[PDB]
Amino acid sequence: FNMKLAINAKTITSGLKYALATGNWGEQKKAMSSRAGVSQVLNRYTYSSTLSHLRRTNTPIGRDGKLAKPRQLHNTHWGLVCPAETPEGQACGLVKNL
Amino acid sequence: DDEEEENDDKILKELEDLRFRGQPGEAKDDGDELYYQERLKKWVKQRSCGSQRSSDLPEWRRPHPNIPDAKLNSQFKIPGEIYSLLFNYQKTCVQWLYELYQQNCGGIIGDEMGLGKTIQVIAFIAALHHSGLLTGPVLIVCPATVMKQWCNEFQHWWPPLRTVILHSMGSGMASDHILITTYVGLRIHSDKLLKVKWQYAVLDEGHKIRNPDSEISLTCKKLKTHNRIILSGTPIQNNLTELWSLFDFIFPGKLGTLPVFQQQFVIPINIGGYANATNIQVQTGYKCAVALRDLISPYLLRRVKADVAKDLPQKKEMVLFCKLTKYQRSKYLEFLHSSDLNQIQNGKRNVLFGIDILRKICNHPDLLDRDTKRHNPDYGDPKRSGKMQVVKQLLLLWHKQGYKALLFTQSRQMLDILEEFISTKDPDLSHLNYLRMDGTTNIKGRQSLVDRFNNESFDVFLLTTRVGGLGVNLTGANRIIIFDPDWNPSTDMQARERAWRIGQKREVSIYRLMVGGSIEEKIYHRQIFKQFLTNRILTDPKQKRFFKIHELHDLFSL
Amino acid sequence: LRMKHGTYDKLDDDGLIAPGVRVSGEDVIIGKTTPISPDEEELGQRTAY
Amino acid sequence: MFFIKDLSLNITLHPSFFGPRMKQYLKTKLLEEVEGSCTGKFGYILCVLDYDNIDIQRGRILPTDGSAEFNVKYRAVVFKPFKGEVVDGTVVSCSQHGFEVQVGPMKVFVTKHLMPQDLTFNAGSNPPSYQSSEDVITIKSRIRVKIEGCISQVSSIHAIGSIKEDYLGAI
Amino acid sequence: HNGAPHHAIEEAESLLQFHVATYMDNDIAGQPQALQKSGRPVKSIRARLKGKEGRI
RNA sequence: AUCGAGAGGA
DNA sequence: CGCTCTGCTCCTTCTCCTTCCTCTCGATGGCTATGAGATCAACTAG
DNA sequence: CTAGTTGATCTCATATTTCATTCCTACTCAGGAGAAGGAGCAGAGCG
């Protein structure tokens, strides 16, 4: 066992490295249960971009692309997420900043 | 016989066209086919019409006008003169061939090399032709170098027999009895030839049809005749499926199909290697495989050389051992650590052929690359391989002792590296005169080199295991070294038997270089287990010695 | 083989450009080669490497 | 067999060649490209008729190219053979390898098996001739040929023949 | 060729049919999404010739 | 090079 | 008036479906493979 | 024209009988609209 476990220590190491490097939060098998985009390259265009990236969120629900009441500025968001900082395009209202 | 339509010829004279210069080639091919069918221009020399087949027959009629000893002198159901000429176990062999002929199913015969596999069957064929009044046809298959032999014995003992060579012959089926061909020739002639239904079909190199899936074995199988026989040079060497294929060719209906055999007729746990309900190890697998061996014994013959050839000086199983150098050990560990990409990558230079990388590290770490020319000026370097040092020591000892040494090597790259080493790298070995051989050597040159070795003034004869069959006679050898595990045990037997032909009065010491703790020892263990399986299926001893395959199979990978 | 159309005259013996050199266009900044096949002695008869 | 058939060939014409002399150039180009041509559809193009009265319609400019493509209509004389058909050809040569005859633009061919069984080759005759049977066939004589096959080459059309029967003898 | 049992021949026929079908169209509204060794669905000819960026 | 993913822009 | 038939209605399955441009990061690694032996062709010379 | 020699290519090949196993692990995260196909039913004509 002393070395049989060490054979699969690469399992832990490479699994964590894959999950964080690629963003596919699964086991790296077939994008199974993948949440591609969980981990992103830290933006460093300027200081404000870095700070905003480090304080960002994401709603997987809207990835389906549905057009309905969600991805709107609910008023329970008062004082918890920025009412103005939200991207354009598909992610408007699904990406929110604390 | 040029039957080409003259219409196209006079059209060509009307307007010649050089673009159809391949049409002459097609016509040559068609003429060759028509030769093999019913014609021949200059191929009478290949034991065909114009030879003893239909021309020199009178040379034998005066001594016996179509009435040989099988008919005139001591006439019986069998010949009388040949039997007197025949030796012990040969008359019995022909008698059992006669029994099998009455059985009208087939058979398989073979004795230890040098005991006359080629003989004892020509006599039986002649007996059937004359005493048995067998009109034929009779078929033989073997390599051309052995086809010339078969023809020589045929024309020597039994001139009246009509035998011919299916290499570059003609007429054949167009004329009347016996036909000899090559296995590759058999593949080429997938035409009606397979439908001839050769009454007496006999295959010489049964070892060449061991694999059921091999094209040679299946091609022979399609040619079904009431009496099909195999003269395998050696019995089972790799798997019992080989014996299944042989028996199916000779005795299809007397044994089960491939499944029945593999799931049941398999000495390993398949048949109950622990038939006594003992450890899953294959140590008590008897009364089931032994039953199959006893069932097949009424269909196989075997004479041990010791039976009549007791004049065989001592053999030596001296397994040398080597030490892996620090450079070699470092590269070995590096590969082992980096080998696991898919952990087998379907082999492909990791396990199945990563064994090749390990072997290259063991033997020629200095020139471990396809682009050896970049390192050739400074390499090989024996300092990186202690096996080379051991070889140098043994060769120098045998040179000072004046022993003709045989060296058996792996793929020709290692051969050339060793040649360069001995010739230039070490002046000590340069003083020794040496000889060379490879698979690319010409047949005439191969025979010349063999003759030189048998009476050589040289010291070292570097040889490759695979080249040449059992016919290569190297009785002049006085010492033997095996450079690495030569895979199939049959190859090892052939290599150690290069010196051991009929003769070889001077004792020969056989050595096998080995690296302690390396995968080579594991390969040797696998070969030992293969030999144990061969012994079990051949003699059925109560051998409890059994390497623990249940874990050693995976251990042997690396 | 197929050595790029840019300028190699700006590289050093290390296969790198010394800092302070003015590089423009498709000039080569890192010089790296693959001593790989074809492993043919015919090529040795031709250009050695 | 000789017969007259209609023809319709498409001619492209480079714009630089457009001009008052266009019709003459069209006629020249077609007559040089067609007269004596070999075709498997129509054998040999022997003669183009009504050279004065030629209906060229008149053609169209290619979409992305200024060149003009013309479909010129014709009545033309052509010759083709038929299997089973008898031709009164003129001999050209004789040989033990076979016998061949000329028919206008085509050369008929006769096989060893298509001469009379009694008509063997006499190489000793000068010129070589089929003197075996009562009907002597010489190289410069004339003979009827019984066609049993058409041989097609891109550069020429050929055919086979037979002289077995009496009515197929020398003329 | 070797006179294999009925069920083995049936299985081989089904496997060949499945591979051919996936080759022409690797989306059959069924469970067996044929996929490559690397873990990516095979790009059938239908997939190449279908949809935006789809050869038409 | 390929494919996949993410970021953003009109 | 019971039988049968049939179209008519309704209710589940059962698929199949959304301009253009530019960056960067990374994960694929390649799905066949012994050399020998034997045959064929290609070069060569009389 | 052709027989000889030699380079070149084609097929050979088979595994060796085998450990051995877990099992298969599930959250996030579609649904929307339309065709299709069956299933039931009720009445109308029959016997």
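Based on alpha-carbon atoms only, what is the radius of gyration of region D:85-171 relative to the globular estimate 2.2 N^0.38 Å?
In units of the globular-protein estimate, region D:85-171 measures up at 1.00.
Can you give me the P(r) profile for chain D? Cα pairs, bins 5 angstrom wide beginning at 0, each as a whole percent.
Pair shares across the bins are 1, 8, 15, 15, 12, 10, 9, 7, 6, 6, 5, 3, 2, 1, 0.
Among B:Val304, B:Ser51, B:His375, whose Cα sits farthest toward the positive end of the charge dipole of chain B (+1 at Cβ of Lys/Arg, -1 at Cβ of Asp/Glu, about the Cα centre)?
Going by the Cα projections, it comes out as B:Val304.
Report the Rg/Rh value for region B:328-444, based on alpha-carbon coordinates and the Kirkwood definition of Rh.
A ratio of 1.03.
Please give the Cα centre distance for region B:11-87 versus region B:136-166, rounded to the nearest Å.
Here the answer is 11 Å between Cα centres.
What trypsin sites (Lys or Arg not before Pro) in region B:351-404 are in a loop by DSSP, with at most 16 other Cβ atoms within 10 Å of the Cβ?
B:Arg370, B:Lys373, B:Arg374
Over every pair of different alpha-carbon atoms in region B:186-274, take the mean of 1/r and invert it; report that Kirkwood radius in Å.
Computed over region B:186-274, the radius equals 13.8 Å.
Considering only DSSP beta bridges with both partners in the protein assembly as shown, what is the antiparallel share in %, to the nearest 5?
Roughly 55 percent of the beta bridges in the protein assembly as shown run antiparallel, per DSSP.
Determine the distance separating the Cα centre of region A:37-61 from the Cα centre of region B:338-353; give it in Å without decimals.
41
Which of D:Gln153, D:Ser141, D:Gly169 sits farthest toward the positive end of the charge dipole of region D:108-171, with +1 on the Cβ of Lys and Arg and -1 on the Cβ of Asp and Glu?
Most positive-ward Cα: D:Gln153.
Suppose every K and R has +1 on its Cβ and every D and E has -1 on its Cβ; what is the size of the dipole of chain D about the Cα centre, in Debye to the nearest 20?
In total the dipole reaches around 460 debye.
Over the alpha carbons of chain E, what is the largest minus smallest coordinate on each principal axis, giving the biggest first in Å?
Largest first, chain E extends 48, 22, 20 Å along its Cα principal axes.
Counting other Cβ atoms within 10 Å, keep those with at most 16, restrict to DSSP loop, and tell me which trypsin sites (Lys or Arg not before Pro) in chain E are left.
Passing both the DSSP loop test and the Cβ count: E:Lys37, E:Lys43, E:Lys50, E:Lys52, E:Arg55.
How large is the dipole of region D:85-171 about the Cα centre if only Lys and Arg carry +1 and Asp and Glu carry -1, each at its Cβ, rounded to the nearest 20 debye?
260
Over chain A, with a single point scatterer placed on each C-alpha, what log10 of the ratio I(q)/I(0) does the Debye formula yield at q = 0.23, 0.25 1/Å?
Here log10 of I(q) over I(0) equals -1.22, -1.28.
In chain A, which longest range has no chymotrypsin sites (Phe, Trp or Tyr not before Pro) that are both DSSP loop (not H, G, I, E or B) and surrounded by at most 11 other Cβ atoms within 10 Å?
Between exposed loop sites, the widest span is A:2-44.
Just checking the output field for B:28-35: average partner chain Cβ neighbours within 10 Å of each residue's Cβ?
The mean count of partner-chain Cβ atoms within 10 Å per residue comes to 0.
I'd like to know how region D:1-84 sits against the 2.2 N^0.38 Å rule of thumb: what's its Cα Rg over that expected value?
Rg over 2.2 N^0.38 Å, computed on Cα atoms: 1.23.
Show me the ranking of peptides D:132-138, B:239-245, B:91-97 by mean Cβ neighbours inside 10 Å, starting with the highest.
Ranked from most to least packed, the peptides come out as B:239-245, B:91-97, D:132-138.
Please compute the Cα-Cα pair-distance distribution of chain B with 10 Å bins starting at 0, giving whole percents from short to long.
P(r) over chain B, rounded to whole percents: 3, 14, 21, 23, 19, 12, 5, 1, 0.
Quick one: putting +1 on the C-beta of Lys and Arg, -1 on the C-beta of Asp and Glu, what dipole do you get for the protein assembly as shown around its Cα centre, in Debye to the nearest 20?
3880
Using a Gaussian network model of chain D with C-alpha springs under 10 Å, which one of D:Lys41, D:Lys146, D:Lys112 is most mobile by mean-square fluctuation?
D:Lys41
Take every Cα pair under 8 Å in region B:360-426 that's 6+ residues apart, average their separations, divide by the length, and report that relative contact order as a whole percent.
Across region B:360-426, relative contact order equals 33 percent.
Would you please name the trypsin sites (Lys or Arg not before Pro) within region A:8-98 that are DSSP coil residues with at most 16 other C-beta atoms within 10 Å of their C-beta?
Counting only loop positions with at most 16 other Cβ atoms within 10 Å, the trypsin sites (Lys or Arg not before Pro) in region A:8-98 are A:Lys29, A:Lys30, A:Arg35, A:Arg44, A:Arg55, A:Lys66.
Could you tell me the center-to-center distance, by alpha carbons, between region B:211-284 and region B:371-408 in angstrom?
42
Can you compute log10 of I(q)/I(0) for the protein assembly as shown with the Debye formula, treating each Cα as one identical point scatterer, at q = 0.04, 0.11 Å⁻¹?
The computed values of log10 I(q)/I(0) come out as -0.40, -1.37.
Divide by every residue of the protein assembly as shown the summed helix terms, -39500 (n - 2.57) for each DSSP H run of at least 4, and state the resulting mean residue ellipticity at 222 nm, rounded to the nearest 500 deg cm²/dmol.
The per-residue figure over the protein assembly as shown is -9000 deg cm²/dmol.
Cβ atoms come from the backbone with ideal geometry, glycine included; neighbour counts cover every protein chain shown. The numbers here are math on the coordinates, done by the rules we state, and not lab data.
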